[PDB]
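Residue numbers (PDB author numbering), protein chains in the order written: chain R, 1 to 95; chain X, 1 to 154; chain F, 10 to 29, 35 to 107, 128 to 174; chain J, 1 to 97, 109 to 167; chain O, 1 to 186.
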Amino acid sequence: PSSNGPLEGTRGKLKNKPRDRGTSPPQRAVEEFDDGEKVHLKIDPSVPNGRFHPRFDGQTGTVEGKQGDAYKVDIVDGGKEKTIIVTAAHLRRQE
Amino acid sequence: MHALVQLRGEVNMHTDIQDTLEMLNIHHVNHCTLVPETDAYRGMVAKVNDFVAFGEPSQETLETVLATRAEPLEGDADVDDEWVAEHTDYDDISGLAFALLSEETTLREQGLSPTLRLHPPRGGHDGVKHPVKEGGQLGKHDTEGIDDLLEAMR
Amino acid sequence: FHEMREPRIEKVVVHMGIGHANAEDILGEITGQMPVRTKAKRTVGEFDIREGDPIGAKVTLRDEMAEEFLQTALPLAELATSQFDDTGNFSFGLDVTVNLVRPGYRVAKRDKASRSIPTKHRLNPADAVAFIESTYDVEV
Amino acid sequence: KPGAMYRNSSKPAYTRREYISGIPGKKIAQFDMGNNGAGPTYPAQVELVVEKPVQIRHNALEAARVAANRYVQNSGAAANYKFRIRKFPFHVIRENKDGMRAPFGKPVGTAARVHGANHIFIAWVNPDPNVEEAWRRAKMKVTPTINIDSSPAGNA
Amino acid sequence: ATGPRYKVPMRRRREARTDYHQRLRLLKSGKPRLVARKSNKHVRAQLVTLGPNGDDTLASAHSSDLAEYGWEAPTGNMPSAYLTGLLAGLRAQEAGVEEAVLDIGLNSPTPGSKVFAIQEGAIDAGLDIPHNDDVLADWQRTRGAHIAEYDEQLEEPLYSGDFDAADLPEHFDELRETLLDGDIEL
RNA sequence: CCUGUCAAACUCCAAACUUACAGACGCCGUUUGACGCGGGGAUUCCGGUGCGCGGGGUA
RNA sequence: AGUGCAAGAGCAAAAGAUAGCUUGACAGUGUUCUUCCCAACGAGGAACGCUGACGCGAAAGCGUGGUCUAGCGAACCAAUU
RNA sequence: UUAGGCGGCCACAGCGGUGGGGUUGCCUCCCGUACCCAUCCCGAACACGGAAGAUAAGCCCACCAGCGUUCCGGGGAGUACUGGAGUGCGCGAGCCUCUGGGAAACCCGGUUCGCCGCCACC
Ligand SMILES: [Cl-]
Ligand SMILES: [Cl-]
Ligand SMILES: [Mg+2]
Ligand SMILES: [Mg+2]
Ligand SMILES: [Mg+2]
Ligand SMILES: [Mg+2]
Ligand SMILES: [Mg+2]
Ligand SMILES: [Mg+2]
Ligand SMILES: [Mg+2]
Ligand SMILES: [Mg+2]
Ligand code: NA
Ligand code: NA
Ligand code: NA
Ligand code: NA
Ligand code: NA
Ligand code: NA
């Protein structure tokens, strides 16, 4: 890469298809998850806050407590355990 | 239920392909195993498709091979009718073979090694550089096709 | 059907597009209510580079305040036709614009469940000429 | 310089003029020849079909076209036929003209990428195939082997 | 509309009915919402909660079913609003609801407005709602005094037939009084 | 309206495929202790080739 | 369109414009990610909390500077609270 | 739901167009400014108070496919591309066979002129 900022190579993954453009429905930003639940991590291009490092887009971790309204999801990067601070706006229930 | 026979060695073959063969209990060339026809098993044989020979064998053939190259989970003991009857649910090899073919049991379940270590093919096989449809010996075979190979390796 | 389809005057905007005022005074008397400043957009050569800047005033009159005004404005105008809107409006003159429309217009001007007025329920140049011409004067 | 330096399609497509400057003008004079006033209302239609994907420098296009149309004057300067070269040299080409250090070349020309089987030339004629000859001379000045194909014309 | 790339707003935005940016800030509290809505002739007050396939109304009150308790006056006024709020607030309590936040939808936060009257009503019913007292009307206006006085400048009844000629903010008290004990559907 | 062409830094589309988690089979581990945790000792940080996919370059 | 500045991305009852008001560009202390995929490593950065004090708002709430990714500096020594 | 309020999904719902609907009851337009409140100017809007009138807007109901969108049949196409294999072919570029996957454009014919949840209501 020519640079090493968090958004390097994110043109795709952080852009919306023209039709999904614009403010997103609030229903999913308010969704409540319980500790132990499996949640898929995917940034909503339309939602600025509550984001996580683009490199984790696609991960499926485990909700384990929250911090403020934000949730603390545990994931495993390669072979390393990591905790991710992320809002409902960027999470989805697995299954 | 298909009869799997590794016809190409390990050198240079993809690792993820080698592990598969190993998951199917085959760890040497000419080693043969019996595999149920399931979605899960089907994917595996397809991945291993280019280094093996597989097909559904006839009752007879299976019996010939079982009698000739089956082995206990441990030891030399010959797997003959008597063995089969005094050690398995069935009364004789034929009974076992039928059960395998109809996929009602497996070589392990009956205290037998999952592997039928066959002999090199008497007369030589068709080649390991081309599939069956091309005159080779690789890929899926005819029941008559598999039988010939198996029988030649009896 | 009618009664709720027959035209009516909704606001008459009298504005003096000056280029930098003392003019409000006359607008206040000519109409009867305070004028509003007219800021301008963009920087331009007519030494009009100032974005926020008084450059004229206007006055939006409604109801009687609008009639009582047109009851002298119109007479000072002759024109008609071509000089009419595609929505049944017309400006003449110091400018004096007359916005015309039918009874259910608030549907498009309110906050909640607002909506645009359907083309059919719009006012045509023709249907406009009729209404006004039918009020102390002549068309073309 | 030789076609050998640019006739293969092994490089990435390089055509974004928004990121490339100093591209030489094309030598191709025209793409529509003959009676361009008329539309393909002809009995016969022959095409010159390239038999291998290749890159054709605007150089070769101009020489190939000229040699074909310049010949189609076996029918006259205002003859009854229409000639069309359907490909345009979009692909910008470079040359590293220091040795291999900082070698990204500088624009030196353009070329059109033709895939085997496409027709590069299409002519329209009345039963008077002098065009078939105009093309034996055309594919003579382009890299690939070519196929001279006739479409509307069961008048053999 | 125009093309594949065109962006059509959400149905409730097209209908110009729901303000989604406010909605989200509202849903932040995690509390039920006290939906305060109006009509030319009526005033509605609901206590909505969040659901899997959409909102759930656990308790509501409409200025119309106010007469069902002895209302013989118009229903598009201040006293009407408050009472409708108090009525819904009470049914709310019955339903086991203890707190909520005021959602005035697309209406304006004008002091002494009917929505706030709705909010004062619900609060007095026992519901705990985040509010600000000096944005509310001064009780008398809630009672409907402003209208009685307006009829004082009579010469012609403010009410076409209806009830009374000089109107009754007293009729208001009698009703609030009624709603504060026993009675069906509360 | 008709007609002729394109895109590594275009996309109304869109694979094969790669990849997170889960279940299933398989294989593996519970005297051959896997997975994992803690510590001791390194070597190593000139690489090369084939094949696939490449970017540069006439090569 | 606009949003200070590359490029790519976000944004319309707004993240833009106007008006008004305000100083959260606040003090303290953390959690996590990043810097350094995996996989150890400092300064720096960011996200998300809490404690305290404030601004605005009817309120939910928003404000841990500017929509996001650049604008940064160790020990020793000085000056400063 | 003989017209309502809050929503979920966020065009299958958009764009455009036709027909129908209010006798007491609902939504509106509508009428009107003493009040709360309001327009850098206007009761236009916002806010408040109210029924003389209307179903013409809106809205609700029924329907139309011309455009945009979603999904489906048949054709394009098992084409393009592709994961695995080959002492198959080709000067080479590149191609082919076996195996496991498999598209886009476009044409023709259907579908789509929203679905669903909670509450209230001759
Ligand atoms: Cl993160
Ligand atoms: Cl409302
Ligand atoms: Mg043994
Ligand atoms: Mg021999
Ligand atoms: Mg051989
Ligand atoms: Mg990849
Ligand atoms: Mg910010
Ligand atoms: Mg020093
Ligand atoms: Mg100092
Ligand atoms: Mg009608
Ligand atoms: Na969105
Ligand atoms: Na040099
Ligand atoms: Na040639
Ligand atoms: Na750090
Ligand atoms: Na001013
Ligand atoms: Na109507």
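Yeah, the Cβ is synthetic: ideal placement off N, Cα and C, and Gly gets one too.
Bridge partners of residue i, per DSSP?
i, result
"R:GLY50", "Partner(s): none; R:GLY50 has no beta bridge."
"J:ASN158", "J:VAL49"
"F:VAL163", "In DSSP, F:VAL163 forms no bridge with anything."
"F:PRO16", "According to DSSP, which records beta bridges pairwise, F:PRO16 is partnered with nothing at all."
"F:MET25", "F:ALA71"
"F:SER105", "F:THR131"
"J:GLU95", "J:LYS117"
"J:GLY34", "J:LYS82"
"J:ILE131", "Looking at the DSSP assignment, J:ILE131 forms no beta bridge with any residue, so it has no partner."
"O:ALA61", "O:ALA45"
"F:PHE98", "F:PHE104"
"R:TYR71", "R:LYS66 and R:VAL86"
For chain O, check one thing: does any of its Cβ atoms lie closer than 8 angstroms to the Cβ of residue i?
i, result
"R:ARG93", "no"
"F:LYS53", "no"
"R:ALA29", "yes"
"R:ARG11", "no"
"R:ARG21", "yes"
"R:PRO48", "no"
"R:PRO26", "yes"
"R:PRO18", "yes"
Let me make sure I understand the geometry here. Which of the options has the alpha-carbon closest to that of residue i?
i, options, result
"R:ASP57", "R:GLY65, R:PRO45, R:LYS66 and R:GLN27", "R:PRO45"
"O:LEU24", "R:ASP34, R:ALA29, R:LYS13 and R:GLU37", "R:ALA29"
"R:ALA88", "R:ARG11, R:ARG19, R:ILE43 and R:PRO1", "R:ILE43"
"F:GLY70", "F:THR101, F:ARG76, F:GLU82 and F:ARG51", "F:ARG51"
"X:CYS32", "X:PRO114, X:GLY123 and X:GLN137", "X:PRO114"
"O:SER39", "F:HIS29, F:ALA91 and F:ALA147", "F:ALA147"
"O:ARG5", "R:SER3, R:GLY50, R:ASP20 and R:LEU14", "R:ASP20"
"O:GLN46", "O:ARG12, O:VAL115 and O:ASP138", "O:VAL115"
"X:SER58", "X:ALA70, X:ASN30 and X:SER102", "X:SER102"
"J:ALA29", "J:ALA44, J:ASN69 and J:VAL50", "J:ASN69"
"J:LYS26", "J:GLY37, J:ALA122 and J:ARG17", "J:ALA122"
"O:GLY3", "R:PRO6, R:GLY5 and R:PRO18", "R:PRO18"
"J:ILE133", "J:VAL92, J:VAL153, J:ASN166 and J:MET33", "J:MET33"
"X:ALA40", "X:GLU151, X:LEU24, X:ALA67 and X:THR15", "X:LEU24"
"O:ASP103", "O:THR75, O:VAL48 and O:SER60", "O:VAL48"
"J:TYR6", "J:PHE83, J:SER75 and J:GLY116", "J:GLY116"
"R:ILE85", "R:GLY79, R:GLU95 and R:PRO54", "R:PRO54"
Taking only beta-carbon positions, decide if residue i is within less than 8 angstroms of chain F.
i, result
"O:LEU47", "no"
"O:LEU106", "yes"
Say whether chain R places a C-beta atom closer than 8 angstroms to the C-beta of residue i.
i, result
"O:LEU50", "yes"
Mind checking the region 5 to 21 of chain O against chain F and listing, in chain order, the residues whose C-beta falls within less than 9 angstroms of any C-beta there?
Taking 9 angstroms as the Cβ-Cβ cut-off, the region 5 to 21 of chain O approaches chain F at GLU15, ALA16 and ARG17, given in chain order.
Every unbroken beta strand (DSSP E) inside the region 88 to 175 of chain O [3 residues or more]
As far as the region 88 to 175 of chain O is concerned, its whole beta strand (DSSP E) runs of at least 3 residues are 101 to 103.
Output needed in chain order: residues of the region 22 to 41 of chain O with a Cβ under 7 angstroms from some Cβ in chain R.
Correct list: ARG23, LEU24 and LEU27.
Note down, in chain order, all residues in the region 64 to 76 of chain R with a beta-carbon under 7 angstroms from any beta-carbon belonging to chain O.
Within the region 64 to 76 of chain R, not one residue has a Cβ closer than 7 angstroms to any Cβ of chain O.
Would you mind listing the alpha helix (DSSP H) stretches within the region 69 to 129 of chain X that are 4+ residues and don't spill past its ends, in chain order?
DSSP runs (the alpha helix (DSSP H)) wholly in the region 69 to 129 of chain X: 81 to 87 and 93 to 101.
When you check each C-beta in the region 143 to 169 of chain F against every C-beta of chain O, which residues fall closer than 7 angstroms?
Those residues of the region 143 to 169 of chain F that come within reach of chain O (Cβ to Cβ, closer than 7 angstroms) are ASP145, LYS146, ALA147 and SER148.
Curious, which full-length alpha helix (DSSP H) runs of at least 4 residues does the region 22 to 77 of chain X contain?
Listed in chain order, they are 39 to 47 and 59 to 69.
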